[PDB]
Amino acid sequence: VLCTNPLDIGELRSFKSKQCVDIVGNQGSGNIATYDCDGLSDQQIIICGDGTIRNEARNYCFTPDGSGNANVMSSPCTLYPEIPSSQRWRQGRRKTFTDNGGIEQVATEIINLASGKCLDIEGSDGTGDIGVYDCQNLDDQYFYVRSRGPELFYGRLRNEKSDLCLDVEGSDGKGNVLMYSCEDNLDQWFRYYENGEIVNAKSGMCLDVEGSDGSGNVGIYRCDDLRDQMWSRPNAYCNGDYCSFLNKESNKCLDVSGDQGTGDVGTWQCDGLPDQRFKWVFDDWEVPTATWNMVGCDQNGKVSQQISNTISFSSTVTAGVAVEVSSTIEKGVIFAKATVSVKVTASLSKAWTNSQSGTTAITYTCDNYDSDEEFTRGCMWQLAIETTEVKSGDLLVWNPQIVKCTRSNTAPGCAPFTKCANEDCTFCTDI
């Protein structure tokens, strides 16, 4: 039912305008066009290994509305008799570029399997309605799944002067940022990326300075890709594990009013005082490891099984535990002795977060191998992710509804969010 073999999850953006590919409203169904990236789950696009393109708000598919140069909308996925070629997409030619945040991105044509037409934005400026059109090589026919680069750090941010935490007023992760007692609420948890964004765990929005010039009051606001939402954490400004954050637009320090570390937060001329340094506060979890478990095999037909999302742990997987685990996964995961790519860890982290508020069991059938050929025999494999909370020694095992269908009794040789390159899955593409 859901996409069991995803390749990537994130914002799908125009190479040309850098706008998000957007479904009208926030429910994950309706017309598709460009829009400002607004952090809602419908703009979390799922690139499925079966060729479909879906989203995190609703299990619907990018679909052309008819033949020829048609409009594209988010519509119900046709599953029977099979997924039609018209709801399936391949990648065409590629263009790479370094974005304003300094991250290497990879854009490609996105080409409909039925028509051979390119996903397209009306006109040439990369803004407006989205349909399918003759592939004509213009930049607005190239799309990338936005990478933030690696997650560098995460946790609450404890002030060196006051030992209070960087706080957002209330508990929804929206609004003014100020110093407050450290609390077991998610609005105090942030994740800091190579692109410079510091993203609030509760709201998914960005640490922001009022206006555009990087000087003034700090709060949480829609992530807008601007330089005043980019922060550096230079070694020079650290004192052990307490470091300053300098705004990229203004070169001013993240600052607490006065010198006691207790008041409102803004940006100000760096002054080297302890109230301008903060330490990341988080619990140690071991680097997670990914493996595949055999669910069933059939040497002379397709395999069909109930697939559940399950988690095992010594205590409750609270919102607190879940944020620790998500942030741990994003930092790095091991598969077959090697680290996986940034897009694998970003996507796995998103899958984990989206797995917390279930999740019912599905009946899944291996109709095709992960490599795309018709499944006539082989095994179904389900992902397992293991980590350990260091302070307790307690093992956490996560079995998401992520599956690989292969021709082989040998476990897949490919990490989740990468594609088996052959039927036996001995090497990989889309790493």
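Numbers follow the displayed sequence, beginning with 1.
Between the stretches 206 to 214 and 289 to 297, it is 289 to 297 that shows the larger average CA temperature factor. Between 349 to 357 and 237 to 245, it is 349 to 357 that carries the larger average Cα temperature factor according to the deposited entry.
For the set 146, 222, 156, 117, the PDB entry assigns the largest Cα B-factor to 117. The PDB entry gives the largest Cα B-factor of the residues 165, 230, 311, 106 to 311. In this PDB entry, residue 409 carries a Cα temperature factor that places it within the highest third of its chain's modelled residues. In the PDB entry, residue 123 places in the highest third of its chain by CA B-factor.
Among the modelled residues of its chain, residue 188 has a C-alpha B-factor that falls in the lowest third, as given in the PDB entry. When the modelled residues of the chain are ordered by C-alpha B-factor, residue 93 sits in the middle third. Per-chain ranking of the deposited C-alpha B factor places residue 282 in the middle third.
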